[PDB]
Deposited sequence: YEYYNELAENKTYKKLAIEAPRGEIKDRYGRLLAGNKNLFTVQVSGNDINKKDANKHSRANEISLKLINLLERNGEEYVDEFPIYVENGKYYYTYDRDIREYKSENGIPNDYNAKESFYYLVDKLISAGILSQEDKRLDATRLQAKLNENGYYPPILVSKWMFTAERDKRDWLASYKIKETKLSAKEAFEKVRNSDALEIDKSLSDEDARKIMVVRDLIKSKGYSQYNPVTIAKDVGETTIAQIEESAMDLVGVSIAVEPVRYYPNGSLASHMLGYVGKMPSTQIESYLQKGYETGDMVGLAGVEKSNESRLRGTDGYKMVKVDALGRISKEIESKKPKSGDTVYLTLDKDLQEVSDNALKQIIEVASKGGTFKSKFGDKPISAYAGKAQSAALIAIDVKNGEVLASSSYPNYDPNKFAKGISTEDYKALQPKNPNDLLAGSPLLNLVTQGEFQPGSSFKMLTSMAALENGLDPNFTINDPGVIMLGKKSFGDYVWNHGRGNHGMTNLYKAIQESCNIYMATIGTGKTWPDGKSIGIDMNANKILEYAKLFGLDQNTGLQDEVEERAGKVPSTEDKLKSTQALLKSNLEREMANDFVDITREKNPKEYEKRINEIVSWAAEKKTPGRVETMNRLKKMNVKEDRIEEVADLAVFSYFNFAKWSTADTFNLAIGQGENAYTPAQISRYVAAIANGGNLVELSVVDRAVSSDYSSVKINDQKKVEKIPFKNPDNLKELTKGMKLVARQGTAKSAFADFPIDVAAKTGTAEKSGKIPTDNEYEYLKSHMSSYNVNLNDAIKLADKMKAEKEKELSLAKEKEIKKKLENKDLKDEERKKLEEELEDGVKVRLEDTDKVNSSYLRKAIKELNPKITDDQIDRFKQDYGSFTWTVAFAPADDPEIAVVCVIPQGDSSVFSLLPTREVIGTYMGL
């Protein structure tokens, strides 16, 4: 059964099947014979990897000792350190310690029962993997899969890589000159160790490089009898002609994951079958796989051809618009466009990612969806598992899976809620650009940078210029020098009410088509039962949203976190006059008899139950001013199409916490002008003083429970046994505990150092920029949403949006 092609909405191939010329090596045919006493394997291998490099070919290399800047590391080890970084836990030296504290933090948020957390692991582990989360560690031995694979892989010839690369270098299996460059020796091992691995018994010869041109085939063919047993083979592949174009939506094919083998065998696969592992390749696996065929023969039915809703052309402009901005942001200089051209202030380093989505606002069809960084699906078709090369994982679809403070783009939502509760748009404030309720300041961007104001401001100017002060005022229904009520009743609860109406609390429609981790409207009631639960246990303000909480919310910061895909529906609701639209990336399937089904044909178009839909017309007035004389004028003021926009830069106050807080403090202990030995000993002393102190307090407790005459005399025995031995309370060896005490040792031994000064080496959360638009504003077709995390300037998010709206509208 040839696998079903994926096409864009207009028939252009996005994923198909082709044949590839590929180089193969034979396990025995190369290894000659011992009678010759020629282990020629090391010669034909060294020539093959150097023949390939000289010809410029990508070659297979699963050899688990890689060179990264003069040092030798384990791949098995990297998977450990880097998997743990993407599951939020300190990457230290215990597998159990890492399993039990991750499970503890997902069970912390309604995963299951807290008592079915502490339950025999054979019953537990199986069921959490059953739930649908992968099991990367081993139940019985409590070791990382990769750890086992390392012990097994070395027991096939327990510490160090540079050592292991020495011992494996001259082990029985290989035997290299021991007079060759570890660079030449390493490249010999890529080949020999692939042969050893791909089978203790293998079907056939192993493939060492895949796609390879004429001038590299020839150099192999007309090099016969020199590289004995190096073949040019034909083998088919999945291929994605436009490479990394729309990678995240397309997905990729690969070997079934080890864990799911039983499913796939029962479902009727073989273990060497390529299967969809992400995006539309996964969700339409069954549809794309077709149905297999077999005296007599039945022909195989080929996979239905799946058409996405993407426009390859618009996808191209989107994908490049992000590659350029990210390259140009960090000391790039210029953004070359076909509308204007912006010279880019090169003060934006550390911006290493972006997300854009364009949707049809009438039927939710996704016309362009781009995430940076991205990945070539073609690399997975030939064979890999990790690209790689606060780092953003390229496999992550930031459009569907990037929960982000929505920023300025939330202001229309706050404004919608104000109008729905009686706001007169004309309501004008004499804007100071700043509000104080702590010593802490809440001010405009123009106030944090120039102590500027918006002078006299109604709702339209508030939107036009992104007035945080005006948003705070209508968000609370109160002017903030005095806290006097305005006409209207508003508060966080009403703000999150409209967050909920614009679908921010729910999945987009793409969840079953591609991987999505939708955002959740921050819960009022979770925050009350959060603190009550923490209050009950302590007895043995922070319960309601504060005025500052309400401020931060009203300006799309605080506990707000939504995906670009979610926001696009929000925006689209304004554009289409108040219909929540269910997004779709999969439009049509077409059978191998030219019969056709529309798949997104039943997508929901709910009318949002707004008090007065005509209030969305007040936002559009505000959003047009953004484009003509607002924060988007630099891009859209001289633009041939009438655009509604909202644009802004936002700052997220504070420092990104580290993997290991204890180790951070040990790093910078000289910079604190503190002796490290002094700090550690004083830290221990203070723990011990807390341990001794808690022990004497635990005695008093047990004795008071023992004086309770009416007490079951089998627990009385427990208490006596606890106390009999003498009570030695010990602090939990958490990174949080050891960090707290080393920090208090730092402040004692340096009595003038502050918390900010200790934390100064941490990375700031930094700044981000959204632009959101629909066009043409008076009869909208398309909405575009673009976020640049770690973005200094509104330009970074403005220009990709312009390119895409221009392309779509025919310019």
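Could you spell out the stretches of the deposited sequence that were left without C-alpha coordinates, going in sequence order?
Holes in the chain trace, numbered from 1: 1-19, 177-181, 319-332, 428-438, 590-656.
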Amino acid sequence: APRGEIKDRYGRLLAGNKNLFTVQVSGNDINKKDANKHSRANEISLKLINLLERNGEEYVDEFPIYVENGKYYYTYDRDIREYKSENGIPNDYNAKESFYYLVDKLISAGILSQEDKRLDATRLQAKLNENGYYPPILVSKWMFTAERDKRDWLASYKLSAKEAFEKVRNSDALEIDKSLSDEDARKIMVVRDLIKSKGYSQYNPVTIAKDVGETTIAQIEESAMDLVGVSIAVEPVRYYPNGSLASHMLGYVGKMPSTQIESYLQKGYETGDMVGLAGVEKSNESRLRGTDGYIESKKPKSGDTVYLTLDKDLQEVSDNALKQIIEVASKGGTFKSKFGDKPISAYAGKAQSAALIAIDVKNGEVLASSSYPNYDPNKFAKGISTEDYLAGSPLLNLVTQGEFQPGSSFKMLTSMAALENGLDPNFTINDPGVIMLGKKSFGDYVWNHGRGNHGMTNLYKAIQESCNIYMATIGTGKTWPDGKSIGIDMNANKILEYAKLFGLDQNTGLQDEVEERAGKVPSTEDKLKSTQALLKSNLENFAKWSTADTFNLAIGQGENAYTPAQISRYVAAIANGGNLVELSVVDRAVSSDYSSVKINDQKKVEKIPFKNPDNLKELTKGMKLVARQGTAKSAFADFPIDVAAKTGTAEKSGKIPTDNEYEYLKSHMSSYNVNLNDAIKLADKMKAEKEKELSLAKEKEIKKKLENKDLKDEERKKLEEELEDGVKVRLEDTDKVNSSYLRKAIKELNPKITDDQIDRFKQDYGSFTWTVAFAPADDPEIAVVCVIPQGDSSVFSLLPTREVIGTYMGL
From here on, numbers count along this sequence of modelled residues.
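Tell me which stretch, 26-34 or 749-757, has the higher mean Cα B-factor listed in the entry.
Per the deposited B-factors, the answer is 26-34.
Decide which of the stretches 631-639 and 126-134 has the higher mean C-alpha B-factor, going by the entry.
Of 631-639 and 126-134, the stretch with the higher C-alpha B-factor average is 126-134.
Highest Cα B-factor in the PDB entry belongs to which of 549, 722, 505, 388?
Highest CA B-factor of the listed options: 388.
Highest recorded C-alpha temperature factor, please, choosing from 202, 374, 409, 671.
Among 202, 374, 409, 671, the highest C-alpha B-factor in the entry belongs to 202.
Among all modelled residues of this chain, ranked by Cα B factor, put residue 226 in the bottom, middle or top third, i.e. lowest, middle or highest.
Highest third.
Taking the chain's C-alpha temperature factors as the reference, tell me which third residue 73 falls into: lowest, middle or highest.
Within its chain, residue 73 is a highest-third residue by C-alpha B-factor, going by the deposited values.
If you rank every modelled residue in this chain by C-alpha B factor, which third holds residue 765: lowest, middle or highest?
Its C-alpha B-factor, which the entry lists for residue 765, ranks in the middle third among residues of this chain.
Chain third (lowest, middle, highest) by recorded CA B-factor, residue given as residue 110:
According to the entry, residue 110 has a C-alpha B-factor in the chain's highest third.
Quick check for you: using the entry's CA B-factors within this chain, is residue 744 in the lowest, middle or highest third?
It belongs to the middle third of the chain when residues are ordered by C-alpha B-factor.
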